[PDB]
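Here the structure comes first, spelled out in structure tokens, and everything after it is commentary.
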Amino acid sequence: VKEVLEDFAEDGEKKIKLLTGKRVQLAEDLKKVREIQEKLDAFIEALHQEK
Amino acid sequence: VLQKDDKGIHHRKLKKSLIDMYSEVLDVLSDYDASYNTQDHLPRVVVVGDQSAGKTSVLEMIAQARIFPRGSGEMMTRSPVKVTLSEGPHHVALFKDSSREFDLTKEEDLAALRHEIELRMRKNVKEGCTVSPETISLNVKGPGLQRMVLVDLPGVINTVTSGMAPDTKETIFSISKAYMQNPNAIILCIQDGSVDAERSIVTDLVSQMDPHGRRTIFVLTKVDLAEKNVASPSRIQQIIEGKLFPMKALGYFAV
Amino acid sequence: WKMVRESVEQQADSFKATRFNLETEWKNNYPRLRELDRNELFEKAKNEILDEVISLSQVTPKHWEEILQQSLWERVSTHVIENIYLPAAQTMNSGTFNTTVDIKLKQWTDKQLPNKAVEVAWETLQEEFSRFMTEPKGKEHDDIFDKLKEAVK
Amino acid sequence: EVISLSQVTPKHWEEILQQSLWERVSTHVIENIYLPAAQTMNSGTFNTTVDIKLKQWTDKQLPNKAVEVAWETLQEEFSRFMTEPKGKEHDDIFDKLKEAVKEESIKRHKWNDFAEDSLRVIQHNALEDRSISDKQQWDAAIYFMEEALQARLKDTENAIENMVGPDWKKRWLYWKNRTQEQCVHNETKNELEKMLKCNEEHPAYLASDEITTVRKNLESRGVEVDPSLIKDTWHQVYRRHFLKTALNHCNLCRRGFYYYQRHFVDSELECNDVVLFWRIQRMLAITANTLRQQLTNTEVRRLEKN
Amino acid sequence: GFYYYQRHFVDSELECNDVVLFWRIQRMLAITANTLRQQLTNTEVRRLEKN
Ligand SMILES: Nc1nc2c(ncn2[C@@H]2O[C@H](COP(=O)(O)OP(=O)(O)O)[C@@H](O)[C@H]2O)c(=O)[nH]1
Ligand code: ALF
Ligand SMILES: [K+]
Ligand SMILES: [Mg+2]
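Chains U, D, H, Y and X, in that order, are what the protein sequence lines are.
The authors' numbering applies: residue 910 is where the first sequence begins, and numbers increase by one.
The authors' numbering applies: residue 247 is where the second sequence begins, and numbers increase by one.
The authors' numbering applies: residue 553 is where the third sequence begins, and numbers increase by one.
The authors' numbering applies: residue 604 is where the fourth sequence begins, and numbers increase by one.
The authors' numbering applies: residue 859 is where the fifth sequence begins, and numbers increase by one.
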């Protein structure tokens, strides 16, 4: 069981398929929206620095 | 401190601080959002048109290096190819995720860029069709470049021949509308200049997605055929003036 | 770049709306839900699996032996009754009855019985392992770990 | 005699193979498939849960056990034909050769190695088709399901009586008493029975708070119980509770539907367990026929040849 | 009668299948109508207002 858990930990694809609980996907969407928001905030701040 | 200097203003705030970071914003949003419904605010330098040979040439006019797939008698641009343009040490380039630096003054590195692009296109496109929306990304620098992000999109066919899957034209239109439907995008229509203005395949699309002439710029390829009268000079003058467009247009330039 | 400065900034409104909607769904239904991405859920399921497997490893011998005896008896009762006991019962000489029974039992031991015993032990271990790994027979279970628990099982 | 064995009617093969094989797998479905699936009130999940297990179980175990039963079943009749006495008349002088011949013949009796592949397709189709439009199909399935459940109920009840010992009826009738463990089990049973008395729908899984609650309820009467004793007590009593409920569910399934005016009453009596049982009964019946066809077409001839 | 109760352990004379068909038709129509209403109020009605 421990070896299999290690293999799943290393196996990204099997984790992707297994972890499709729709809450993992909601968390991923929230995190990605936050990351794009941070990138957008930095980008907009730089734009205002350009004016 | 080194990250602050390199990832922010390394003496080039406009060209460096937020041009590559703009490309990162686009890449991260495209990673999160496969669709472009959320990319309306992010403009792009979009090149669209027919299978005209000058589609590669205009992109090398803006990205002033012979870095794009070149070919004859075929639509080489299978999939979108993104290039980030900015100033820097002359004739230097990068290929995303290839861990390789390219010298744009030597044929070997330009060929390497084109071959990597072709391989990524051949992996984006599945058997039975010629185009795929999946993107390819470059970072090109040089004194002749502006702070611009370019995308090299497949030419419109509207018809399928030679055993090609019938879905190809709809796939092409979807790939090109992903950007042409972007309110903030800039559309460059590549017009083959070997035919009369009456034959323009992409005019009807921008005339609906950009009827106000706020994004679409038409560029005439093979301008030497106006000198030779192979293409009607009168219609060429009228397209220069813009009398032949059933729409408003952002501008017009010669290729 | 003019279009950039004009339009890119307002993309924050839709980003905030999306984050608000996701966090609203969480607060209403998943107040314990966090950035439960490919790593966090996997780790929690892994730890639960290891803990339940250890609990299995700690099962008392009494339960083990009782279930093993019951299962093997279920498997061998009718074999004994039909192939050894009843055929032997045809004789009125209990000594030849016992002789035949012992011979058949020795042959069955040599060829079949220990293989059925090992089958019983292995399948009983599988059954207890599944009971620990699979959904507990309750209402509190969160199925979100079922994919990994079953795949690992 | 081996030719006479080849004269055994399919009727005997199909019945013997079906009865023997089901008995071998009768508890696996009940304990590992049905009962845990019965822990949810969602009949769709119940049927969804079992079908996934059955198909996986079908691929890995069912055709391998089915052939083994058929391989043994043929040898069981062969031995009876071979060396069984003709009542009180028997030439035991020949038994050494007969068994010696059998051992060599069974060693060379290699069952068709592809029989399992046909059974997998058959079993997948037998399970895939869950449409029971016939009352007779319903009637047969429920009565046999009751027997399996009644067997489990008595198996649990007999284990319980040992766990708890005789009741006052036998303690005073036969001058018996309870061991201190049995005394604990009876009171541990009583508290669990009271809990189920109210929470009839209590899930099989017990919370440690229930374990603590029982302990304090028993400690409050001078009875100190290890949690492990309660859990072991809980499992047997719960099945007795559940199984009686299932049989009462079965009783209403047959009786309630039997009354004509009740067929337009949409009560919560989805006898999905009869659907599961019926398919298996059919699935094994088809499996036995496939085994019987292989048994009489290929395997018995190989036995005769060997 | 009813879908399930007409079949199991009963001498039903009914064998009703039209109810399931038209009930599924009702559900499909309701789902289609709700999807259309969502599409309308999200995109199409405001598109018409903009036009
Ligand atoms: N005569 C003429 N030839 C051109 C022009 N533009 C491009 N070509 C030639 O045609 C090739 C076009 O490249 P190609 O791969 O077909 O571009 P793509 O189809 O858009 O991917 C170039 O290598 C040029 O040699 C033009 O305006 N006039
Ligand atoms: F010829 Al192309 F896009 F490849 F116009
Ligand atoms: K071309
Ligand atoms: Mg091209």
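Using N, Cα and C, we set each Cβ at its ideal position, and we do this for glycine too.
Query, Result
"Where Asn761(Y) falls, given that 16 or more other Cβ within 10 Å makes a residue buried", "exposed"
"Neighbour flag for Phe684(H) against chain U, beta carbons, 7 Å", "no"
"Chain H within 7 Å of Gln621(Y), Cβ atoms only", "no"
"Through-space distance from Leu264(D) to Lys253(D), alpha-carbon basis", "9 Å"
"Interface flag, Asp565(H) vs chain C, CB-CB below 7 Å", "Any reference to chain C falls outside this structure, whose protein chains are U, D, H, Y and X."
"One or two residues paired with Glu347(D) in a DSSP bridge", "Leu340(D)"
"Length at least 4, wholly inside the region 278 to 318 of chain D: the alpha helix (DSSP H) runs in chain order", "300 to 308"
"Beta-carbon proximity check, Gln484(D) vs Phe464(D), cutoff 7 Å", "no"
"Rounded C-alpha distance that separates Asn780(Y) from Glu813(Y)", "29 Å"
"C-alpha gap between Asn875(X) and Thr890(Y), whole angstroms", "31 Å"
"Own chain residues within Cβ distance below 6 Å of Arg366(D), not counting five before or after", "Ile382"
"Nearest-angstrom Cα separation, counted from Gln884(Y) out to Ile735(Y)", "12 Å"
"Proximity test, Cβ basis, 7 Å: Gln783(Y) and chain H", "no"
"The region 777 to 791 of chain Y contacting the region 653 to 672 of chain Y, beta-carbon criterion three pairs below 8 Å", "no"
"Assigned secondary structure, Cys786(Y) (DSSP; H/G/I helix, E/B strand, else coil)", "helix"
"CB contact check: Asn430(D) to chain H, cutoff 7 Å", "yes"
"Residue-chain proximity (residue 1033(U), chain D), Cβ-Cβ < 7 Å", "In the structure as shown, chain U begins at 910 and stops at 960. Residue 1033(U) is therefore absent and cannot be evaluated."
"Expected contact under 8 Å - CB spacing of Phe867(X) and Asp742(Y) to nearest Å", "6 Å"
"Length-filtered (4 minimum) alpha helix (DSSP H) runs lying within the region 850 to 883 of chain Y", "none"
"heavy atom of ligand 3 below 6 Å from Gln297(D) C-beta", "yes"
"Minimum C-alpha distance to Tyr841(Y) - residue among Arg865(Y), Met798(Y), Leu821(Y)", "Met798(Y)"
"Contact set between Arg865(X) and chain Y, taken where Cβ atoms lie within less than 9 Å", "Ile735, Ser736, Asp737, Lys738, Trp741, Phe860, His866"
"Rounded distance between the beta-carbons of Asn370(D) and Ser325(D), thought under 8 Å", "4 Å"
"Closer than 6 Å: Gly388(D) CB and nearest ligand 1 heavy atom", "no"
"Chain H contact residues for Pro457(D), given Cβ-Cβ distances below 8 Å", "The contacting residues do not exist; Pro457(D) stays about 18 Å from chain H at best."
"Ligand 4 heavy atom lying under 6 Å from the CB of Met367(D)", "no"
"Strand pairing of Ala500(D), partner residues [DSSP]", "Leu466(D)"
"Boundaries of the alpha helix (DSSP H) in which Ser453(D) is found, first to last residue", "449 to 455"
"Beta-carbon gap between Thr323(D) and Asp398(D) smaller than 7 Å", "yes"
"Shell residues, 5 Å Cβ cut-off relative to heavy atoms of ligand 4", "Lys301(D), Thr323(D)"
"Pick from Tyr863(Y), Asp695(Y), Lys710(Y) that is closest to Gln864(X), judged by C-alpha positions", "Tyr863(Y)"
"Touch test, the region 649 to 664 of chain Y against the region 718 to 731 of chain Y, Cβ-Cβ under 8 Å, three pairs minimum", "yes"
"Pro400(D) Cβ short of 6 Å to ligand 2 heavy atom set", "yes"
"Proximity to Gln897(Y) [Cα-Cα], best of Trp714(Y), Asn650(Y), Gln610(Y), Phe681(Y)", "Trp714(Y)"
"Residues in the region 788 to 812 of chain Y having any Cβ partner in chain H nearer than 9 Å", "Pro806, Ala807, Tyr808, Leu809, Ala810"
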